[PDB]
Structure formats: C-alpha cells, structure tokens
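Structure below is input.txt: compact mmCIF, C-alpha atoms and all ligand atoms.
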```
# COMPACT_ATOMS: atom_id res chain seq x y z
CA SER A 1 8.54 -6.93 -11.99
CA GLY A 2 10.98 -8.87 -14.14
CA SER A 3 10.75 -12.55 -15.07
CA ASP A 4 12.77 -14.01 -12.19
CA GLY A 5 9.99 -14.41 -9.62
CA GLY A 6 11.80 -12.12 -7.18
CA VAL A 7 10.37 -9.80 -4.52
CA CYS A 8 9.17 -6.68 -6.35
CA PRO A 9 7.55 -4.03 -4.11
CA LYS A 10 4.49 -2.31 -5.59
CA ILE A 11 5.81 1.26 -5.40
CA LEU A 12 5.49 3.66 -8.33
CA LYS A 13 9.02 4.79 -9.13
CA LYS A 14 10.60 6.53 -12.12
CA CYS A 15 13.80 4.91 -13.32
CA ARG A 16 16.49 4.82 -15.98
CA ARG A 17 18.15 1.51 -15.00
CA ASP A 18 17.47 -1.56 -12.81
CA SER A 19 19.56 -0.23 -9.91
CA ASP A 20 17.08 2.66 -9.56
CA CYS A 21 14.47 0.09 -8.53
CA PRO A 22 13.80 -1.60 -5.15
CA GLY A 23 14.24 -5.30 -4.43
CA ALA A 24 14.12 -7.50 -7.52
CA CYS A 25 12.14 -4.94 -9.54
CA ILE A 26 13.64 -3.96 -12.89
CA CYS A 27 13.30 -0.74 -14.83
CA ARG A 28 10.75 -1.39 -17.57
CA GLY A 29 10.80 0.18 -21.03
CA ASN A 30 8.37 2.93 -20.02
CA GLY A 31 10.78 4.23 -17.39
CA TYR A 32 8.90 2.93 -14.37
CA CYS A 33 9.93 0.14 -12.01
CA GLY A 34 8.12 -3.18 -12.24
CA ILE B 21 -5.37 -2.01 -9.06
CA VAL B 22 -5.80 -4.48 -11.93
CA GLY B 23 -9.20 -5.99 -12.71
CA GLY B 24 -10.97 -3.62 -10.32
CA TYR B 25 -13.62 -0.90 -10.39
CA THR B 26 -13.81 2.87 -9.95
CA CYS B 27 -14.48 3.43 -6.23
CA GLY B 28 -16.38 6.68 -6.46
CA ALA B 29 -15.18 9.98 -4.99
CA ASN B 30 -14.30 9.82 -1.29
CA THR B 31 -15.96 6.41 -0.82
CA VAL B 32 -12.75 5.16 0.83
CA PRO B 33 -12.20 8.09 3.23
CA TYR B 34 -9.21 6.54 5.04
CA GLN B 35 -7.21 6.20 1.79
CA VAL B 36 -4.39 8.71 1.39
CA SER B 37 -1.82 9.41 -1.32
CA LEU B 38 1.87 9.87 -0.49
CA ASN B 39 3.35 12.54 -2.76
CA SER B 40 7.00 13.50 -3.32
CA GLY B 41 6.47 15.57 -6.47
CA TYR B 42 4.32 12.76 -7.80
CA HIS B 43 2.02 10.10 -6.30
CA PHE B 44 4.19 7.08 -5.41
CA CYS B 45 2.43 5.10 -2.66
CA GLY B 46 -0.82 4.89 -0.72
CA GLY B 47 -1.48 4.94 3.02
CA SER B 48 -4.27 4.55 5.57
CA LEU B 49 -5.35 7.18 8.07
CA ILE B 50 -5.67 5.57 11.53
CA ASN B 51 -6.24 8.71 13.59
CA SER B 52 -6.23 12.46 13.00
CA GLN B 53 -2.42 12.55 13.24
CA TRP B 54 -1.12 9.20 11.96
CA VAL B 55 -0.97 7.25 8.70
CA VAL B 56 0.06 3.60 8.21
CA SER B 57 2.01 2.79 5.04
CA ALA B 58 4.74 0.40 3.82
CA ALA B 59 8.37 0.71 4.95
CA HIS B 60 9.55 0.62 1.33
CA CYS B 61 7.54 3.82 0.76
CA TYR B 62 9.94 5.78 2.98
CA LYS B 63 11.18 9.09 1.54
CA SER B 64 12.27 12.29 3.25
CA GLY B 65 9.86 15.21 2.86
CA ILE B 66 6.67 13.27 2.12
CA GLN B 67 3.45 15.19 1.58
CA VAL B 68 0.29 13.33 2.64
CA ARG B 69 -2.77 14.06 0.52
CA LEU B 70 -6.15 13.28 2.09
CA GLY B 71 -9.67 13.50 0.70
CA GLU B 72 -8.31 12.81 -2.79
CA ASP B 73 -10.19 11.21 -5.65
CA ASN B 74 -8.71 12.54 -8.89
CA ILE B 75 -5.10 13.04 -7.83
CA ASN B 76 -4.43 15.27 -10.85
CA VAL B 77 -7.31 17.73 -10.41
CA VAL B 78 -8.19 19.97 -7.44
CA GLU B 79 -11.75 18.98 -6.60
CA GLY B 80 -12.22 20.79 -3.29
CA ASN B 81 -12.10 18.18 -0.52
CA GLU B 82 -8.35 17.64 -0.36
CA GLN B 83 -6.12 18.29 2.62
CA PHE B 84 -2.38 18.48 1.92
CA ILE B 85 -0.30 17.90 5.06
CA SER B 86 3.45 17.45 5.29
CA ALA B 87 4.84 14.49 7.18
CA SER B 88 6.70 15.62 10.29
CA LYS B 89 7.88 12.10 11.12
CA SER B 90 8.22 8.95 9.00
CA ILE B 91 9.03 5.95 11.18
CA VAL B 92 10.09 2.69 9.53
CA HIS B 93 9.79 -0.55 11.49
CA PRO B 94 13.17 -1.17 13.18
CA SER B 95 13.41 -4.69 11.73
CA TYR B 96 12.39 -3.86 8.17
CA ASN B 97 14.52 -5.76 5.63
CA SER B 98 14.62 -4.17 2.18
CA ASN B 99 15.57 -7.37 0.33
CA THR B 100 13.00 -9.76 1.83
CA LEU B 101 10.46 -7.05 2.66
CA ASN B 102 9.97 -8.58 6.12
CA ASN B 103 8.36 -6.05 8.51
CA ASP B 104 7.18 -3.82 5.65
CA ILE B 105 5.39 -1.22 7.74
CA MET B 106 5.94 2.49 8.42
CA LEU B 107 4.12 5.10 10.50
CA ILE B 108 3.85 8.66 9.24
CA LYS B 109 3.01 11.52 11.61
CA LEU B 110 1.21 14.52 10.14
CA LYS B 111 2.70 17.97 10.82
CA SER B 112 -0.79 19.16 11.76
CA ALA B 113 -3.92 17.13 12.50
CA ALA B 114 -6.24 16.29 9.62
CA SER B 115 -9.74 17.72 9.89
CA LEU B 116 -11.97 14.66 10.13
CA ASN B 117 -15.19 14.66 8.13
CA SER B 118 -17.26 12.34 5.96
CA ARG B 119 -14.58 12.36 3.25
CA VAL B 120 -11.56 12.18 5.54
CA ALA B 121 -11.91 9.48 8.19
CA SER B 122 -9.83 6.97 10.12
CA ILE B 123 -9.99 3.20 9.80
CA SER B 124 -9.87 0.91 12.85
CA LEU B 125 -6.91 -1.32 13.69
CA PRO B 126 -7.67 -5.01 14.18
CA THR B 127 -7.92 -6.73 17.57
CA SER B 128 -6.89 -10.05 16.04
CA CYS B 129 -5.88 -11.60 12.70
CA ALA B 130 -8.40 -12.38 9.96
CA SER B 131 -8.88 -15.95 8.80
CA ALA B 132 -8.53 -17.28 5.26
CA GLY B 133 -11.59 -16.65 3.12
CA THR B 134 -12.48 -13.31 4.71
CA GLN B 135 -13.43 -10.76 2.05
CA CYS B 136 -11.51 -7.49 1.94
CA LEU B 137 -11.38 -4.17 0.13
CA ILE B 138 -8.07 -3.21 -1.52
CA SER B 139 -7.65 0.27 -3.04
CA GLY B 140 -5.19 2.66 -4.65
CA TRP B 141 -3.91 4.68 -7.60
CA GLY B 142 -1.57 1.93 -8.82
CA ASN B 143 -1.26 0.66 -12.40
CA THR B 144 -4.59 -0.62 -13.75
CA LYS B 145 -2.76 -2.89 -16.19
CA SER B 146 -0.36 -5.62 -15.04
CA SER B 147 2.33 -4.08 -17.24
CA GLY B 148 2.81 -1.00 -19.38
CA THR B 149 1.46 2.48 -18.79
CA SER B 150 -1.93 2.73 -17.11
CA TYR B 151 -1.65 4.94 -14.02
CA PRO B 152 -5.09 6.27 -13.07
CA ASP B 153 -6.40 9.71 -12.15
CA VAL B 154 -9.13 8.39 -9.81
CA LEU B 155 -9.13 5.85 -6.97
CA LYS B 156 -9.68 2.22 -7.94
CA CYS B 157 -11.01 -0.63 -5.81
CA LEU B 158 -10.94 -4.40 -5.65
CA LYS B 159 -12.77 -6.96 -3.54
CA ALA B 160 -10.48 -9.89 -2.76
CA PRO B 161 -10.33 -12.70 -0.17
CA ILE B 162 -7.51 -13.57 2.21
CA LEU B 163 -5.85 -16.77 1.02
CA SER B 164 -4.72 -19.71 3.11
CA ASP B 165 -1.22 -19.78 4.59
CA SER B 166 -0.55 -23.01 2.67
CA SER B 167 -1.67 -21.51 -0.68
CA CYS B 168 0.42 -18.42 -0.05
CA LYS B 169 3.53 -20.40 0.90
CA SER B 170 3.17 -22.75 -2.06
CA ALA B 171 2.79 -19.81 -4.45
CA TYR B 172 5.93 -18.13 -3.14
CA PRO B 173 8.31 -20.86 -1.90
CA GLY B 174 10.64 -19.57 0.81
CA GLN B 175 9.55 -15.95 0.38
CA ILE B 176 6.62 -15.66 2.80
CA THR B 177 7.38 -14.67 6.41
CA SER B 178 5.14 -14.70 9.47
CA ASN B 179 4.50 -11.01 8.74
CA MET B 180 2.98 -11.53 5.29
CA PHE B 181 -0.25 -12.88 3.86
CA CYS B 182 -1.62 -13.37 0.35
CA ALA B 183 -4.94 -12.01 -0.86
CA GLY B 184 -6.55 -12.17 -4.26
CA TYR B 185 -7.20 -14.94 -6.76
CA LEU B 186 -4.97 -17.84 -7.72
CA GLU B 187 -6.51 -17.73 -11.20
CA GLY B 188 -5.11 -14.21 -11.65
CA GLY B 189 -6.74 -11.20 -13.31
CA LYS B 190 -7.40 -9.17 -10.15
CA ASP B 191 -4.58 -7.77 -7.99
CA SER B 192 -2.82 -4.69 -6.59
CA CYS B 193 0.04 -3.32 -8.69
CA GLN B 194 2.81 -0.68 -8.88
CA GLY B 195 1.59 2.53 -7.27
CA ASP B 196 -0.72 0.74 -4.83
CA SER B 197 2.08 0.02 -2.30
CA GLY B 198 1.44 1.16 1.25
CA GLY B 199 -2.32 1.33 0.76
CA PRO B 200 -5.14 -0.43 2.66
CA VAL B 201 -6.48 -3.95 2.76
CA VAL B 202 -9.64 -3.62 4.85
CA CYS B 203 -11.72 -6.58 6.00
CA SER B 204 -14.86 -6.29 8.10
CA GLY B 205 -14.02 -2.67 8.82
CA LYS B 206 -10.51 -3.37 10.14
CA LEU B 207 -7.15 -2.54 8.54
CA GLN B 208 -5.68 -6.02 8.13
CA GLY B 209 -3.15 -5.48 5.35
CA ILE B 210 -0.75 -3.10 3.66
CA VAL B 211 -0.03 -3.44 -0.06
CA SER B 212 3.55 -4.75 -0.14
CA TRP B 213 4.81 -6.86 -3.07
CA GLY B 214 4.28 -9.60 -5.62
CA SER B 215 5.78 -11.40 -8.58
CA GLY B 216 4.19 -9.31 -11.31
CA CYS B 217 0.55 -8.26 -10.99
CA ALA B 218 -2.56 -10.38 -11.50
CA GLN B 219 -0.68 -13.45 -12.75
CA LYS B 220 -1.99 -16.97 -12.24
CA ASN B 221 -0.57 -18.57 -9.07
CA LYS B 222 1.00 -15.26 -8.01
CA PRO B 223 -1.42 -13.41 -5.78
CA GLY B 224 -0.54 -10.13 -4.09
CA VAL B 225 1.46 -10.24 -0.86
CA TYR B 226 0.52 -7.95 2.03
CA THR B 227 1.95 -6.87 5.39
CA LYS B 228 0.06 -8.54 8.25
CA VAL B 229 -1.13 -5.53 10.27
CA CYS B 230 -2.52 -7.62 13.15
CA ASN B 231 1.09 -8.50 14.10
CA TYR B 232 1.95 -4.83 14.66
CA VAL B 233 -0.90 -3.42 16.76
CA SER B 234 1.30 -3.26 19.87
CA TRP B 235 4.15 -1.63 17.96
CA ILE B 236 1.80 0.91 16.35
CA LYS B 237 0.29 1.92 19.69
CA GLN B 238 3.71 2.15 21.35
CA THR B 239 5.15 4.25 18.54
CA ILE B 240 2.18 6.60 18.50
CA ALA B 241 2.39 6.93 22.30
CA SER B 242 6.08 7.87 22.25
CA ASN B 243 6.18 10.18 19.22
CA CA C 1 -7.67 15.98 -6.30
```
Before anything else, please render the file you have as structure tokens.
Amino acid sequence: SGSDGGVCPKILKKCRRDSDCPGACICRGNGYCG
Amino acid sequence: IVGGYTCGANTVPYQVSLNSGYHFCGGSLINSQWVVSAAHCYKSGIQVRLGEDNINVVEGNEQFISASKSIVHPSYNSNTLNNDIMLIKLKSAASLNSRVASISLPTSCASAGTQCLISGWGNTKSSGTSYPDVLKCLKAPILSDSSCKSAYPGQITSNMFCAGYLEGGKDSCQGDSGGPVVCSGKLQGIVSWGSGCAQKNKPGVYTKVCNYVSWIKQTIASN
C-alpha cells in the first residue's frame, strides 16, 4: 500500500516500479508491492 | 498476518499455497478437486501446494498439484476488486486426510460480530520485510456494514465485508490474498484488499463468499 487510501490487493508480488503492482498498490523499497 | 499467532503444523488443513516459482497467494480447498481463491491471484501455470506448514522446507505431508483450470469470476473488476473470487481446478484429485481436508461452503451470510479464523503466509509486519516460513493465524470478528462503509467511503460493494479491529494491530497483509476467512466452520470470506495492513480505522476487506455459493456450484458442475 501507498499513502493514498486506494484499493491495494493483498497479493505478494515482486516489483521494480509501481506499474508492476495491482490496483493502487505501489512498489515499496524492498521490491515487493504494498 | 499481522498481530497473529503461529497456527501449528497442519492445524488449518483446508489452507493451500498458490505457487508460481514462489508463494504469492493462499486458497481454500472446498472439495478434493477444487480450490477457492481471489480473482486477483490469477496466473497461468499455478501450482497448488497442500498440506504445507513451512513453505520453504519439505516436511513430508505436502501434495503439489498443478492447476488444470483457473476460473475468474466473469464480473471481476481489477480496479475496484468487485467480484474478487476465482475457482482453481486441480489436475488430479488431492488425497484427503487429517492434514489435507476441505472446508464447507456457507448456506447463508454471517452476521456482524461473528468470530472467524483468518490464515496465511502473508507479511507478519504491516510494512517492510517479514514474510514467514510457517502458517500464521488470526482470530477476528466480522464488522458491521456501517463500520465497513464508513471506514472505506465509496469503496465497499455488496460483495465485500470488513473483518478485524478498528483499533488496528491485527489484520491480513500482502501474501495472505486468496486465503480463508472461516467462521463457525464455514468459508465466509476470501482475503482481498485493504488500505495498508493493521492500521487504525482501516480493517481488512474480504470477498463475501455467501454471495457466490450458486456460482461456485454451477462452475464446479460444468467444469
Ligand atoms: Ca513444506
């Protein structure tokens, strides 16, 4: 999850950038969506 | 699972792990051939892992079975997460035993206040790196429709409910998606989404399984 209060699904997903992540999830600094 | 406890090996025998090279979502076994998960957990070539406790160590009770069919609800919306349910058919039937067992579907919807069991291999911290080896568990109550809708203005559909604690601290989190919310021995929810994990006023949001019993039975009957 980011700080915008958007819909962030609770899937575990490796990422490099926000567009790798579902819904309003962002790619956190550890390289996982949240 | 944040703020939870270690379940104990195979104490949640209907819990499965969905694996695509790594664990990414949970699921619930509902008969020897079918698993219920979240629509947003769809991938091609899923491997279902049953009888798991430590997902990173072969402990001897696992069954690894490839998905032959992964059927997303026809009305699933990937922006709103409305209709966030998927059925996975196993390529071969799981061998049912004490450590690999099905969970019953509901015959009606559970009321607010009902206590449930939520489980998975999701992050055990709300943020950062804390992805567990063994299955974690949380007891949490279904929250009122009004509490849920006030917590998430305009974001809650008829196919979603909130469970957890408005004070925060205890919640499902990334990696728990698709897994079970079980209340009084029935599968009432599927881990779906939230704003963060375990934050005050932001309880977890779950797919309302009771709305899909007809669809589940029809899909199983025709596939
Ligand atoms: Ca294992």
Can you write out as JSON lines which residues of chain B fall within 9 Å of chain A, alongside each residue's closest atom pair and its distance in Å to one decimal, counting all atoms listed in the file and ordering rows by chain and ascending residue number?
```
{"residue": "B:43", "atom": "CA", "partner": "A:12", "partner_atom": "CA", "distance": 7.6}
{"residue": "B:44", "atom": "CA", "partner": "A:12", "partner_atom": "CA", "distance": 4.7}
{"residue": "B:45", "atom": "CA", "partner": "A:11", "partner_atom": "CA", "distance": 5.8}
{"residue": "B:46", "atom": "CA", "partner": "A:11", "partner_atom": "CA", "distance": 8.9}
{"residue": "B:60", "atom": "CA", "partner": "A:9", "partner_atom": "CA", "distance": 7.4}
{"residue": "B:61", "atom": "CA", "partner": "A:11", "partner_atom": "CA", "distance": 6.9}
{"residue": "B:98", "atom": "CA", "partner": "A:23", "partner_atom": "CA", "distance": 6.7}
{"residue": "B:99", "atom": "CA", "partner": "A:23", "partner_atom": "CA", "distance": 5.4}
{"residue": "B:100", "atom": "CA", "partner": "A:7", "partner_atom": "CA", "distance": 6.9}
{"residue": "B:101", "atom": "CA", "partner": "A:7", "partner_atom": "CA", "distance": 7.7}
{"residue": "B:142", "atom": "CA", "partner": "A:12", "partner_atom": "CA", "distance": 7.3}
{"residue": "B:143", "atom": "CA", "partner": "A:12", "partner_atom": "CA", "distance": 8.4}
{"residue": "B:147", "atom": "CA", "partner": "A:34", "partner_atom": "CA", "distance": 7.7}
{"residue": "B:148", "atom": "CA", "partner": "A:30", "partner_atom": "CA", "distance": 6.8}
{"residue": "B:149", "atom": "CA", "partner": "A:30", "partner_atom": "CA", "distance": 7.0}
{"residue": "B:172", "atom": "CA", "partner": "A:5", "partner_atom": "CA", "distance": 8.5}
{"residue": "B:175", "atom": "CA", "partner": "A:7", "partner_atom": "CA", "distance": 7.9}
{"residue": "B:192", "atom": "CA", "partner": "A:10", "partner_atom": "CA", "distance": 7.8}
{"residue": "B:193", "atom": "CA", "partner": "A:10", "partner_atom": "CA", "distance": 5.5}
{"residue": "B:194", "atom": "CA", "partner": "A:10", "partner_atom": "CA", "distance": 4.0}
{"residue": "B:195", "atom": "CA", "partner": "A:12", "partner_atom": "CA", "distance": 4.2}
{"residue": "B:196", "atom": "CA", "partner": "A:10", "partner_atom": "CA", "distance": 6.1}
{"residue": "B:197", "atom": "CA", "partner": "A:10", "partner_atom": "CA", "distance": 4.7}
{"residue": "B:198", "atom": "CA", "partner": "A:11", "partner_atom": "CA", "distance": 8.0}
{"residue": "B:211", "atom": "CA", "partner": "A:10", "partner_atom": "CA", "distance": 7.2}
{"residue": "B:212", "atom": "CA", "partner": "A:9", "partner_atom": "CA", "distance": 5.7}
{"residue": "B:213", "atom": "CA", "partner": "A:9", "partner_atom": "CA", "distance": 4.1}
{"residue": "B:214", "atom": "CA", "partner": "A:8", "partner_atom": "CA", "distance": 5.7}
{"residue": "B:215", "atom": "CA", "partner": "A:5", "partner_atom": "CA", "distance": 5.3}
{"residue": "B:216", "atom": "CA", "partner": "A:1", "partner_atom": "CA", "distance": 5.0}
{"residue": "B:217", "atom": "CA", "partner": "A:1", "partner_atom": "CA", "distance": 8.2}
```
(message) Let me see if you get this right: every residue at most 8 Å from ligand CA 1 (chain C), counting only C-alpha atoms and all ligand atoms, written as a PyMOL selection string.
(response) chain B and resi 71-82
(message) Would you pick out the contacts of residue B:167 at 9 Å or less, using all atoms listed in the file, so that residues sharing its chain but fewer than 6 positions from it are not included, and give the list as an MDAnalysis selection string?
(response) chainID B and resid 182 186 221
Prev. selection, C-alpha atoms, output as a PDB file, in the coordinates of the input:
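So the final result, stored in selection.pdb, reads:
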```pdb
ATOM      1  CA  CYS B 182      -1.620 -13.370   0.350  1.00  0.00           C
ATOM      2  CA  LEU B 186      -4.970 -17.840  -7.720  1.00  0.00           C
ATOM      3  CA  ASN B 221      -0.570 -18.570  -9.070  1.00  0.00           C
TER       4      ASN B 221
END
```
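The spacing separating atom CA of residue B:144 from atom CA of residue B:156 amounts to 8.2 Å.
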(request) Mind listing whatever residues come within 12 Å of the point (1.4, -6.4, 11.8)? Use only C-alpha atoms, file coordinates, and give them as a PyMOL selection string. (result) chain B and resi 56-58+93+96+102-107+125-130+177-181+207-210+226-237
Where is the centre and how long are the edges: axis-aligned box on stretch 8-13 of chain A, 3 Å on each side, Å to one decimal, as JSON:
```
{"center_x": 6.8, "center_y": -0.9, "center_z": -6.6, "size_x": 10.7, "size_y": 17.5, "size_z": 11.0}
```
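Straight-line separation from atom CA of residue B:86 to atom CA of residue B:153: 21.5 Å.
Here atom CA of residue B:158 stands at a distance of 20.7 Å from atom CA of residue B:171.
Shortest separation to residue B:199 among B:170, B:164, B:124, B:139 occurs at residue B:139, atoms counted being only C-alpha atoms.
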(message) Using only C-alpha atoms, which protein or nucleic acid residues come within 7 Å of residue B:88? Drop anything in the same chain fewer than 5 positions from it, and give the result as a PyMOL selection string.
(response) chain B and resi 109-111
(request) Show which residues sit within 12 Å of residue B:112, as a VMD selection string. Count all atoms listed in the file, and ignore same-chain residues fewer than 6 positions away. (result) chain B and resid 51 to 54 67 to 68 83 to 89
